[PDB]
Each structure stands twice: as C-alpha cells, then as structure tokens.
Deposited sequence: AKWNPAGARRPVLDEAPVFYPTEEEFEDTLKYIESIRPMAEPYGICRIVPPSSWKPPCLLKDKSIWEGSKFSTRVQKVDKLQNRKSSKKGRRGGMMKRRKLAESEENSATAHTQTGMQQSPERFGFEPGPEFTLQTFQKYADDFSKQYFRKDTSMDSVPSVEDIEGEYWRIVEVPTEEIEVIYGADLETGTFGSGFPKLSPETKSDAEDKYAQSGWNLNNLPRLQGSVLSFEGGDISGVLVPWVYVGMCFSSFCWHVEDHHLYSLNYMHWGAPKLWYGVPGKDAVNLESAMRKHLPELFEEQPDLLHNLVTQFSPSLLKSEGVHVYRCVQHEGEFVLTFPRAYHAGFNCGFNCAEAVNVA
C-alpha cells in the first residue's frame, strides 16, 4: 500500500564504471566497446553516456498493444510458479497505470525508491504487485542503433514501472548485452563479474536452499531476486549503476545482472558477440 522511509534497506555498494566516449570513439560501436573492455570487464557491467552529437509517434504511443506479466515484489526472494500474465496495454494506458501506482504508493529520489524496493524484497510488510512488458519483439548507421548490431539475434523491448524487476541472470552463450533507455524513469542495475559467477550462485544455493530443491533450475528461470547486501556478506563483488534515459548499460560475457525500475520507462536491448 505505501512507503516506509525509516525502514529503507538500501545496499551500500561500489559504483560500476561510467564511460563518456567522444564523437570519434562513438563512431564505431564495436571498436569502442573493445577498447573499454580491459577497464570495464572486471566489473561485469558498465554505463555508457553518449556524446552531444548523438540524438535519436501517436499511432504507436496510443495504437500499438503489448502484453504484460504480473510480479509480486514481496515474493521475489522470500517465498515458501513465476510471473502470471497481465492485461494488454498501450504505452499511453500503461504510463497512466504506472504513474498512478507510484503517486499513491509514495516525489522520491532514486535512493529513496531503491531503499524501499529492497525493503519490500527483504522484509515485506504487504503484498505489492506490479506489471511489466518484457520480451516484446520489435516492434546512424552506427551500432548504437541496436537494430544494426546483429549485422556488423534481434533487439528486444522492455516496458517498466516503479519496482518492476529483472531478476539475476547471465546472457545466453556468453554474449554481451547492450541496453539503451529510450525514455522514462531511471533503471537500477546491479552487476557481478564473470569470475564471481560461482560465488553468486553458491551464495544463492547457501541462503535459498529450499527454493533450489523445488526448482533445481532456478538460475535459468529469471524468477528470483537476491539482495546485493546478502551477496556482499558472502564476499561477492556487486557493482551498481543508475541508468537514465539516453544512456546505455553494457554487460560483459558471463556477467550476472539484475535490477528494477524507478517508474515508467521504455528500453531496448540486444545481445552481441
């Protein structure tokens, strides 16, 4: 039903690296990624802010329908078999649903929302359910237009609202993931480097044993959130970054990531080799 500010459980984490390419570096997507890899790879994830140069509809906004799934945020980590289908929406109607939910639940800052999100997942006091559009199949000249990367695997669309989540997972086939936020509220990302994958899975098996018994293949299901604070206590390196609209997040082969949204937003991501 509503916010408890004093009950906040915001993770205390190191920030993932942020990159500010120049127009020249930016002119070659694949080449730029390659160049920052040595620096960014040990973190599993990184944020890329495009230069000023870079700069990318009623019938769609109001016309194109998509379906959603329902998430019980209070059950993502602690529960005694996943995301049921939700209503169909358009961007317009989804936004209004999304905006009213936040207005009533709570203008909070990103850190306010993040502290509340983890309160709901670690120590819930009520059922909170939320809706997201994921897996929506779409729908200069540079690979930053995600539709062009498979060339030089198809782009996928994500519509989020406050507290909607993407639970811990690695990309298929040790692929990179490149994610662009088209517009809307910030998305919180938590990343673990490939070399720490074993520590992460093992921390999860240790603390959520009964969950693994009934679902031996949890780690593939995308249905389980797990606190960075718990990970941190098991010696796992978790890095945070906050993605704003107009910004990319890049995930490295074999890196685990998870996160949630601070409000209504729209993003597109693709896998790259």
Spell out the unmodelled ranges of the deposited sequence for me, N- to C-terminal, numbering from the first residue. 57-61, 86-123, 150-157, 191-211, 225-239
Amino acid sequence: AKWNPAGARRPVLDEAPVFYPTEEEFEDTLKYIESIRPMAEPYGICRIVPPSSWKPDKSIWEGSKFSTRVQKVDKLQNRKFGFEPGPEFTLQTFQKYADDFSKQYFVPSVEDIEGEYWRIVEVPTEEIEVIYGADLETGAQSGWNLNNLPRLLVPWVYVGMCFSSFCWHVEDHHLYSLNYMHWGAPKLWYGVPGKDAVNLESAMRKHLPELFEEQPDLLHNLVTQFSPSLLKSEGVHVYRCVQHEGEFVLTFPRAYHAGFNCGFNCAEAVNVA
From here on, numbers count along this sequence of modelled residues.
Look up the CA B-factors in the entry and say which stretch, 213-221 or 41-49, has the higher mean. 213-221
Higher avg CA temperature factor (183-191 vs 84-92, as deposited) belongs to 84-92
Among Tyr97, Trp144, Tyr132, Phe163, highest Cα B-factor in the entry goes to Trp144
One of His237, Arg205, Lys55, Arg240 has the largest Cα B-factor in the entry, namely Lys55
Hey, what third does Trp118 fall into on Cα B-factor, ranked over its chain? lowest
Looking at the C-alpha B-factor of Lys31, is it in the lowest, middle or highest third of its chain? highest
Split into thirds by Cα B-factor across the chain's modelled residues, where does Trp61 land: lowest, middle or highest? highest
Sorting by Cα B-factor within the chain, modelled residues only, which third would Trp168 end up in: lowest, middle or highest? middle
Report the third (lowest, middle or highest) to which the CA temperature factor of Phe101 belongs, ranking only the modelled residues of the same chain. lowest
